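Trainee: Before I ask anything, let me first share the structure, which is written out below as structure tokens.
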Amino acid sequence: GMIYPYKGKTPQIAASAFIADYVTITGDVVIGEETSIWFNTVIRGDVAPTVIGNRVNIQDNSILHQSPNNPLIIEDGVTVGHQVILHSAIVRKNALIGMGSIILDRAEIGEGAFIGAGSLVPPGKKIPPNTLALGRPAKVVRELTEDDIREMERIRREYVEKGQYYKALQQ
Amino acid sequence: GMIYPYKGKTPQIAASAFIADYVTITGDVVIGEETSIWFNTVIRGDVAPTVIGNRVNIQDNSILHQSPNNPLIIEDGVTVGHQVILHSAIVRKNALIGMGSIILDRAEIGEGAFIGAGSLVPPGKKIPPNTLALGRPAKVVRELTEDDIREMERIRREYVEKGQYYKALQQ
Amino acid sequence: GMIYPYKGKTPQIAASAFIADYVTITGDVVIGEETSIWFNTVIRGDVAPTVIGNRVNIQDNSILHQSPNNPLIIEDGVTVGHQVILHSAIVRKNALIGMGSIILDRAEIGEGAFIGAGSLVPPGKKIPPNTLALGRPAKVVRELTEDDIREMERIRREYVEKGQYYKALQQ
Ligand SMILES: [Mg+2]
Ligand SMILES: [Mg+2]
Ligand SMILES: [Mg+2]
């Protein structure tokens with residue numbers, strides 16, 4: 001793993017966090033408790049602040065960055081799939097970002113919302129809490145069911161465990 | 001090059017296989033002879049079985065993973081383009097996956113099929129063998145001319161050559 | 001950072017160029033003065049020549065490659081966003097390729113053109129200089145305003161400086 005400062009700012013990573021290999025984190029970045037950053041993921045906090053909560057999982061090959069004056073916020077329990085681009089996005093508690101998705105500047109993903117795989121959420125777009133949105137540009141296609149919420153809950157719990165397991169293996 | 005075991009399962013890589021730098025391979029994964037896994041690709045076998053045939057090429061920055069109970073099967077001679085996401089997908093012999101595509105769960109890609117760049121094959125979708133499928137979601141547009149099929153044999157064979165060449169350089 | 005020669009040709013990189021960690025560059029590749037190749041980017045020059053001008057920035061997780069007899073050309077001042085796939089593209093002076101885009105074989109991006117995020121420019125497609133192209137397939141929708149051009153100027157100016165800043169930390 002690579003850690004780099006930027007103009008006097010360095011990442012603040014919880015001790016329980018898992019930082020996979022070939023990951024790069026730089027600048028003004030805060031990573032919460034039990035959160036896991038998977039393989040080859042890049043997080044450059046050299047434009048605006050980046051705050052990632054607890055028990056969050058940033059899956060493999062993702063890119064997190066920002067545009068001027070637009071902080072990147074990822075609250076507790078969030079799941080972000082493989083190869084996702086988060087650019088100054090605001091991702092509220094428990095949301096899930098489908099793999100291969102691009103979440104643009106100031107777009108706000110509602111609490112518990114689910115973004116389908118391969119979607120593009122345009123600048124400033126707000127996705128209502130607990131809904132399913134997908135497409136390019138992403139549109140809400142329906143609100144979530146209790147079965148969807150159960151699986152989202154299962155996914156983030158699973159990843160907390162996998163992160164701890166891989167963290168151990170890193171010996 | 002990073003190899004990790006996962007819960008009792010450890011990657012089994014053929015001797016003639018080329019595993020590029022910054023590649024990560026974990027758990028229940030099996031890689032065949034003469035296949036090449038290119039730069040930054042991530043293959044996490046921690047959800048379900050992953051089997052990769054012989055003479056296969058998985059190009060740069062790809063992500064291979066699985067959903068529960070859905071193995072990831074990639075038969076012989078398959079060409080996986082740059083930065084592709086394969087999730088519990090079943091790719092039949094000699095098929096070609098265009099760069100930037102996303103093949104989702106239980107989606108089966110028929111033998112000799114050609115998935116156009118930037119495509120997204122939805123969960124459970126079956127793609128007829130010997131056909132060309134494009135779009136998001138991918139739709140079959142036509143059949144492959146003998147010329148197409150020969151360009152695929154040319155690519156497939158070419159990557160076995162490059163695979164062994166870079167493998168030599170590595171050493 | 002990995003630097004590999006290919007079939008007797010080794011990458012020629014200006015001394016002022018910044019090459020981030022986990023970057024892989026091989027073969028027939030020329031990188032100009034002060035350009036910055038960001039984290040996890042892959043530049044494989046093993047099929048056709050690749051020439052990258054000066055003060056260019058290739059952002060994190062991008063992949064540059066070619067098709068037979070189709071050189072990959074990127075002139076001075078070009079900005080290519082995160083996770084971009086450039087395959088035998090001809091990118092003219094000062095153009096900007098939005099993050100998550102796929103620019104295909106023989107496609108040419110006119111001087112100062114701006115490709116919107118997540119776009120796909122099909123093979124052979126030509127984008128007029130100083131225009132905004134969006135979508136998949138991408139389509140020209142309008143012309144760039146005066147401060148759109150001003151912003152583009154600001155962008156490549158910061159990356160030239162940011163690359164030099166990170167370059168120093170690297171040492
Ligand atoms: Mg950026
Ligand atoms: Mg997965
Ligand atoms: Mg290629």
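Each chain in the structure tokens gets a letter, A, B, ..., in the order shown, and its residues are numbered from 1; ligands are numbered from 1 in order too.
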Give me, as a count of residues only, all polymer residues having an atom no more than 8 Å from region 112-117 of chain A, counting only C-alpha atoms and skipping those fewer than 4 positions away in the same chain.

Mentor: 22

Trainee: Produce a table with one row for each residue of chain C that has an atom at most 8 Å from any atom of chain A, each row naming the nearest atom pair and its distance in Å at one decimal; use only C-alpha atoms; arrange rows by chain and rising residue number; format as CSV.

Mentor:
```
residue,atom,partner,partner_atom,distance
C:21,CA,A:2,CA,8.0
C:22,CA,A:22,CA,7.0
C:39,CA,A:42,CA,7.3
C:40,CA,A:40,CA,7.1
C:60,CA,A:42,CA,7.4
C:61,CA,A:63,CA,7.7
C:82,CA,A:63,CA,7.4
C:83,CA,A:63,CA,7.9
C:100,CA,A:102,CA,7.4
C:118,CA,A:120,CA,7.4
C:169,CA,A:4,CA,7.8
```

Trainee: Keeping N, CA and C atoms for every residue in the selection just given, could you write it to a file as a compact mmCIF listing (two decimals), in the first residue's frame?

Mentor:
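Result file again39.txt:
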```
# COMPACT_ATOMS: atom_id res chain seq x y z
N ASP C 21 3.13 5.49 -8.75
CA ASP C 21 3.32 4.11 -8.33
C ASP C 21 2.29 3.19 -8.97
N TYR C 22 2.68 1.93 -9.15
CA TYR C 22 1.83 0.90 -9.73
C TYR C 22 1.49 1.15 -11.19
N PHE C 39 -1.48 7.02 -10.86
CA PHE C 39 -1.62 5.72 -10.22
C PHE C 39 -2.40 4.62 -10.93
N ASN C 40 -1.79 3.43 -10.96
CA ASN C 40 -2.37 2.23 -11.55
C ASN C 40 -2.64 2.29 -13.04
N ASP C 60 -5.47 8.47 -13.04
CA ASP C 60 -5.50 7.16 -12.38
C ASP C 60 -6.34 6.05 -13.02
N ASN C 61 -5.79 4.84 -13.05
CA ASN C 61 -6.50 3.68 -13.58
C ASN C 61 -6.85 3.67 -15.06
N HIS C 82 -9.83 9.89 -15.14
CA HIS C 82 -9.64 8.61 -14.47
C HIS C 82 -10.31 7.48 -15.23
N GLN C 83 -9.71 6.30 -15.13
CA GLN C 83 -10.26 5.08 -15.69
C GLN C 83 -10.74 5.23 -17.13
N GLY C 100 -14.00 7.74 -17.16
CA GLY C 100 -14.84 6.60 -17.48
C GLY C 100 -15.24 6.48 -18.95
N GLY C 118 -17.95 9.11 -18.94
CA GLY C 118 -18.62 7.88 -19.31
C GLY C 118 -19.02 7.72 -20.77
N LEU C 169 7.70 14.06 -3.91
CA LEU C 169 7.42 13.18 -2.78
C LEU C 169 7.94 11.79 -3.09
```

Trainee: Give me the residues within 10 Å of residue 168 (chain C) as a PyMOL selection string, counting only C-alpha atoms and dropping any in the same chain fewer than 5 places off.

Mentor: chain C and resi 18+162-163

Trainee: What does the structure give for the distance between CA of residue 76 (chain B) and CA of residue 56 (chain B), in Å to one decimal?

Mentor: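 Atom-to-atom, CA of residue 76 (chain B) to CA of residue 56 (chain B), that is 5.8 Å.
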
Trainee: Could you find all residues in region 20-170 of chain B that DSSP calls helix (DSSP H, G or I) from the backbone, and write them as number ranges by chain?

Mentor: B: 146-170

Trainee: Residues as selected, N, CA and C atoms, written as a short mmCIF file (atom, residue, chain, number, x, y, z; two decimals), in the first residue's frame, can you do that?

Mentor:
```
data_model
loop_
_atom_site.label_atom_id
_atom_site.label_comp_id
_atom_site.auth_asym_id
_atom_site.auth_seq_id
_atom_site.Cartn_x
_atom_site.Cartn_y
_atom_site.Cartn_z
N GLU B 146 -16.82 -15.51 -41.34
CA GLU B 146 -15.62 -16.31 -41.18
C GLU B 146 -14.45 -15.39 -40.93
N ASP B 147 -14.53 -14.18 -41.46
CA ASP B 147 -13.45 -13.22 -41.27
C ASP B 147 -13.36 -12.83 -39.80
N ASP B 148 -14.52 -12.64 -39.16
CA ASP B 148 -14.54 -12.27 -37.75
C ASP B 148 -13.85 -13.38 -36.96
N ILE B 149 -14.33 -14.61 -37.15
CA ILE B 149 -13.80 -15.78 -36.46
C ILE B 149 -12.29 -15.96 -36.58
N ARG B 150 -11.74 -15.55 -37.72
CA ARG B 150 -10.31 -15.68 -37.95
C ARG B 150 -9.53 -14.58 -37.23
N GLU B 151 -10.16 -13.42 -37.07
CA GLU B 151 -9.53 -12.31 -36.37
C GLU B 151 -9.43 -12.69 -34.89
N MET B 152 -10.37 -13.51 -34.43
CA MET B 152 -10.40 -13.95 -33.04
C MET B 152 -9.35 -15.01 -32.74
N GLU B 153 -9.07 -15.87 -33.73
CA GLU B 153 -8.07 -16.92 -33.59
C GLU B 153 -6.71 -16.24 -33.60
N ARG B 154 -6.63 -15.16 -34.37
CA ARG B 154 -5.40 -14.39 -34.50
C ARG B 154 -5.08 -13.69 -33.17
N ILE B 155 -6.10 -13.14 -32.53
CA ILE B 155 -5.93 -12.45 -31.25
C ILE B 155 -5.57 -13.45 -30.16
N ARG B 156 -6.36 -14.51 -30.08
CA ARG B 156 -6.17 -15.56 -29.10
C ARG B 156 -4.73 -16.08 -29.12
N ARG B 157 -4.27 -16.49 -30.30
CA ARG B 157 -2.92 -17.01 -30.48
C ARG B 157 -1.87 -15.95 -30.15
N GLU B 158 -2.10 -14.72 -30.60
CA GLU B 158 -1.18 -13.62 -30.34
C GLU B 158 -0.93 -13.42 -28.85
N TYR B 159 -1.99 -13.50 -28.03
CA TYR B 159 -1.81 -13.30 -26.60
C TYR B 159 -1.06 -14.42 -25.89
N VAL B 160 -1.00 -15.60 -26.50
CA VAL B 160 -0.26 -16.70 -25.90
C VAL B 160 1.21 -16.38 -26.12
N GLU B 161 1.51 -15.83 -27.30
CA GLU B 161 2.87 -15.44 -27.66
C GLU B 161 3.33 -14.33 -26.71
N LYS B 162 2.55 -13.25 -26.61
CA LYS B 162 2.91 -12.13 -25.73
C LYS B 162 2.99 -12.58 -24.28
N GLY B 163 2.09 -13.47 -23.89
CA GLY B 163 2.08 -13.95 -22.52
C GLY B 163 3.40 -14.58 -22.11
N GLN B 164 3.94 -15.44 -22.98
CA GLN B 164 5.20 -16.12 -22.71
C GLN B 164 6.38 -15.18 -22.85
N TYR B 165 6.23 -14.15 -23.68
CA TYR B 165 7.30 -13.18 -23.89
C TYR B 165 7.50 -12.32 -22.65
N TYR B 166 6.40 -11.77 -22.14
CA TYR B 166 6.44 -10.94 -20.95
C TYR B 166 6.83 -11.80 -19.76
N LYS B 167 6.43 -13.07 -19.80
CA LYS B 167 6.76 -14.00 -18.73
C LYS B 167 8.28 -14.14 -18.65
N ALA B 168 8.91 -14.19 -19.82
CA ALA B 168 10.37 -14.29 -19.91
C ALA B 168 11.01 -13.03 -19.34
N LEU B 169 10.53 -11.88 -19.78
CA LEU B 169 11.05 -10.60 -19.32
C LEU B 169 10.98 -10.53 -17.81
N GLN B 170 9.84 -10.94 -17.27
CA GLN B 170 9.61 -10.94 -15.84
C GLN B 170 10.77 -11.61 -15.11
#
```

Trainee: At what distance in Å, to one decimal, does CA of residue 91 (chain A) lie from CA of residue 80 (chain C)?

Mentor: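 Here the two named atoms are 25.3 Å from each other.
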
Trainee: With only C-alpha atoms as the atoms that count, which of B:19, B:48, B:13, B:109 lies nearest to residue 71 (chain B)?

Mentor: B:48

Trainee: Any chance you could list, as a short mmCIF file (atom, residue, chain, number, x, y, z; two decimals) with N, CA and C atoms, in the first residue's frame, the residues in region 23-169 of chain A that come up strand (DSSP E) when DSSP is run on the backbone?

Mentor:
```
data_model
loop_
_atom_site.label_atom_id
_atom_site.label_comp_id
_atom_site.auth_asym_id
_atom_site.auth_seq_id
_atom_site.Cartn_x
_atom_site.Cartn_y
_atom_site.Cartn_z
N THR A 24 -3.77 3.10 -3.06
CA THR A 24 -3.10 4.38 -2.94
C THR A 24 -4.05 5.35 -2.28
N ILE A 25 -3.64 5.92 -1.16
CA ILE A 25 -4.47 6.90 -0.46
C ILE A 25 -3.57 8.09 -0.21
N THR A 26 -4.03 9.28 -0.57
CA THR A 26 -3.21 10.47 -0.38
C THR A 26 -4.03 11.66 0.08
N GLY A 27 -3.35 12.63 0.67
CA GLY A 27 -3.98 13.86 1.11
C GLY A 27 -5.02 13.82 2.21
N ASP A 28 -5.97 14.74 2.10
CA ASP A 28 -7.04 14.92 3.07
C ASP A 28 -8.09 13.81 3.02
N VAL A 29 -7.76 12.66 3.59
CA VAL A 29 -8.65 11.51 3.61
C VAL A 29 -8.84 10.91 5.00
N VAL A 30 -10.09 10.69 5.38
CA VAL A 30 -10.43 10.09 6.68
C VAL A 30 -11.18 8.78 6.44
N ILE A 31 -10.66 7.69 7.00
CA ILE A 31 -11.28 6.38 6.83
C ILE A 31 -11.68 5.79 8.18
N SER A 36 -13.23 -1.24 4.79
CA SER A 36 -12.25 -1.94 3.97
C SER A 36 -12.10 -1.33 2.58
N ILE A 37 -10.85 -1.13 2.18
CA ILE A 37 -10.50 -0.55 0.89
C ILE A 37 -9.86 -1.70 0.11
N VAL A 42 -7.88 3.55 -5.75
CA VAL A 42 -7.18 4.82 -5.60
C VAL A 42 -8.06 5.89 -4.96
N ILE A 43 -7.53 6.54 -3.93
CA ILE A 43 -8.24 7.59 -3.22
C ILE A 43 -7.29 8.79 -3.10
N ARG A 44 -7.44 9.76 -4.00
CA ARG A 44 -6.60 10.95 -3.97
C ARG A 44 -7.38 12.11 -3.39
N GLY A 45 -6.99 12.54 -2.19
CA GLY A 45 -7.66 13.66 -1.55
C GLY A 45 -6.79 14.89 -1.69
N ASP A 46 -6.58 15.31 -2.93
CA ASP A 46 -5.72 16.45 -3.23
C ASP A 46 -6.44 17.65 -3.86
N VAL A 47 -7.77 17.67 -3.76
CA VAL A 47 -8.56 18.76 -4.31
C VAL A 47 -9.56 19.27 -3.27
N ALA A 48 -10.21 18.33 -2.58
CA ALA A 48 -11.18 18.66 -1.54
C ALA A 48 -11.24 17.51 -0.54
N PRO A 49 -11.81 17.75 0.65
CA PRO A 49 -11.89 16.71 1.67
C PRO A 49 -12.63 15.42 1.29
N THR A 50 -12.17 14.30 1.84
CA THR A 50 -12.78 13.00 1.62
C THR A 50 -13.02 12.36 2.99
N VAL A 51 -14.28 12.08 3.32
CA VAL A 51 -14.63 11.45 4.59
C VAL A 51 -15.41 10.16 4.35
N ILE A 52 -14.85 9.06 4.84
CA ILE A 52 -15.44 7.74 4.71
C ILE A 52 -15.71 7.21 6.12
N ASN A 57 -17.38 -0.32 2.63
CA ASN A 57 -16.51 -1.14 1.81
C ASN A 57 -16.39 -0.52 0.42
N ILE A 58 -15.15 -0.31 0.01
CA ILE A 58 -14.84 0.27 -1.29
C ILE A 58 -14.21 -0.87 -2.05
N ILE A 63 -12.04 4.42 -7.89
CA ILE A 63 -11.36 5.71 -7.92
C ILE A 63 -12.22 6.72 -7.19
N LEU A 64 -11.64 7.36 -6.18
CA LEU A 64 -12.35 8.37 -5.42
C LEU A 64 -11.55 9.66 -5.57
N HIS A 65 -12.20 10.72 -6.02
CA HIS A 65 -11.52 11.99 -6.19
C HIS A 65 -12.53 13.11 -5.97
N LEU A 72 -15.98 14.81 -0.83
CA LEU A 72 -16.43 13.46 -1.13
C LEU A 72 -16.87 12.86 0.21
N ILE A 73 -18.16 12.56 0.34
CA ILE A 73 -18.69 11.99 1.57
C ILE A 73 -19.32 10.61 1.39
N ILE A 74 -18.86 9.65 2.18
CA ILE A 74 -19.37 8.28 2.15
C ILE A 74 -19.64 7.91 3.61
N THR A 79 -21.77 0.51 0.67
CA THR A 79 -21.15 -0.50 -0.16
C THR A 79 -20.94 0.09 -1.55
N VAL A 80 -19.70 0.02 -2.05
CA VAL A 80 -19.40 0.53 -3.39
C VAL A 80 -18.70 -0.61 -4.11
N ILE A 85 -16.45 4.89 -9.88
CA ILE A 85 -15.80 6.19 -9.85
C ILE A 85 -16.67 7.09 -8.98
N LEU A 86 -16.12 7.58 -7.88
CA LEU A 86 -16.85 8.48 -7.01
C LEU A 86 -16.13 9.82 -7.12
N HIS A 87 -16.82 10.81 -7.65
CA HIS A 87 -16.21 12.12 -7.82
C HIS A 87 -17.01 13.20 -7.11
N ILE A 90 -21.96 12.53 -2.69
CA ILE A 90 -22.41 12.47 -1.30
C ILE A 90 -23.19 11.17 -1.18
N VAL A 91 -22.60 10.15 -0.57
CA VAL A 91 -23.31 8.88 -0.43
C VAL A 91 -23.76 8.65 1.01
N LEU A 96 -25.86 1.54 -1.61
CA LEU A 96 -25.03 0.58 -2.30
C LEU A 96 -24.85 1.09 -3.72
N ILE A 97 -23.60 1.18 -4.15
CA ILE A 97 -23.28 1.65 -5.49
C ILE A 97 -22.90 0.46 -6.36
N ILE A 102 -20.59 5.24 -12.22
CA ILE A 102 -19.90 6.52 -12.12
C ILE A 102 -20.86 7.49 -11.41
N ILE A 103 -20.45 7.97 -10.24
CA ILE A 103 -21.27 8.90 -9.46
C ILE A 103 -20.58 10.25 -9.52
N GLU A 108 -26.19 13.34 -4.97
CA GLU A 108 -26.43 12.84 -3.62
C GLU A 108 -27.21 11.54 -3.68
N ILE A 109 -26.64 10.48 -3.13
CA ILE A 109 -27.32 9.20 -3.12
C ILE A 109 -28.01 9.00 -1.79
N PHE A 114 -30.08 2.14 -3.72
CA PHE A 114 -29.35 1.12 -4.45
C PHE A 114 -29.14 1.58 -5.90
N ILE A 115 -27.88 1.74 -6.30
CA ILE A 115 -27.55 2.16 -7.65
C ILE A 115 -27.15 0.94 -8.46
N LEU A 120 -24.68 5.70 -14.39
CA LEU A 120 -24.00 6.99 -14.34
C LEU A 120 -24.98 8.00 -13.72
N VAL A 121 -24.65 8.50 -12.53
CA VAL A 121 -25.47 9.47 -11.84
C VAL A 121 -24.83 10.83 -12.09
N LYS A 126 -30.05 14.06 -7.29
CA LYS A 126 -30.34 13.52 -5.96
C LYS A 126 -31.18 12.25 -6.08
N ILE A 127 -30.68 11.15 -5.53
CA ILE A 127 -31.42 9.89 -5.57
C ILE A 127 -32.09 9.73 -4.21
N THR A 131 -34.39 3.72 -2.62
CA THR A 131 -34.98 3.51 -3.93
C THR A 131 -33.93 2.78 -4.77
N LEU A 132 -34.35 2.28 -5.93
CA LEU A 132 -33.45 1.60 -6.86
C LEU A 132 -33.34 2.50 -8.08
N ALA A 133 -32.12 2.89 -8.43
CA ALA A 133 -31.91 3.74 -9.60
C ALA A 133 -30.84 3.09 -10.46
N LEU A 134 -31.00 3.21 -11.78
CA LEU A 134 -30.05 2.62 -12.71
C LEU A 134 -30.14 3.29 -14.07
N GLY A 135 -29.15 3.05 -14.92
CA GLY A 135 -29.15 3.64 -16.24
C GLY A 135 -28.14 4.77 -16.40
N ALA A 138 -28.79 7.70 -14.63
CA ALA A 138 -29.60 6.89 -13.72
C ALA A 138 -30.93 7.53 -13.34
N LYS A 139 -31.97 6.71 -13.35
CA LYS A 139 -33.31 7.15 -12.99
C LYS A 139 -33.89 6.16 -11.98
N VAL A 140 -34.68 6.66 -11.03
CA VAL A 140 -35.32 5.80 -10.04
C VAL A 140 -36.34 4.94 -10.78
N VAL A 141 -36.22 3.61 -10.67
CA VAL A 141 -37.15 2.72 -11.36
C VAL A 141 -38.20 2.13 -10.42
N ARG A 142 -37.96 2.23 -9.12
CA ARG A 142 -38.89 1.74 -8.11
C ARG A 142 -38.26 1.90 -6.74
N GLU A 143 -39.04 1.77 -5.69
CA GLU A 143 -38.45 1.89 -4.37
C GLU A 143 -38.12 0.48 -3.89
#
```

Trainee: Could you state the separation of CA of residue 70 (chain A) and CA of residue 77 (chain C) in Å, given to one decimal place?

Mentor: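 Rounded to one decimal, the two atoms are 24.9 Å apart.
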
Trainee: For residue 34 (chain A), please output as a VMD selection string all residues within 6 Å (counting only C-alpha atoms; exclusion window: fewer than 5 positions along the same chain).

Mentor: chain A and resid 16 to 17 54 to 55

Trainee: Restricting it to N, CA and C atoms, dump the selection as a short mmCIF file (atom, residue, chain, number, x, y, z; two decimals), in the first residue's frame.

Mentor:
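Listing of result_7.cif after writing:
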```
data_model
loop_
_atom_site.label_atom_id
_atom_site.label_comp_id
_atom_site.auth_asym_id
_atom_site.auth_seq_id
_atom_site.Cartn_x
_atom_site.Cartn_y
_atom_site.Cartn_z
N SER A 16 -8.61 -0.38 12.77
CA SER A 16 -9.34 -1.58 12.41
C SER A 16 -9.64 -1.67 10.92
N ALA A 17 -9.31 -0.61 10.19
CA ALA A 17 -9.59 -0.60 8.76
C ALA A 17 -8.67 -1.54 8.02
N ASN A 54 -17.68 4.42 9.05
CA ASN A 54 -17.40 3.09 9.59
C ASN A 54 -18.09 1.97 8.80
N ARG A 55 -17.50 0.79 8.86
CA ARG A 55 -18.04 -0.39 8.19
C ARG A 55 -18.44 -0.13 6.74
#
```
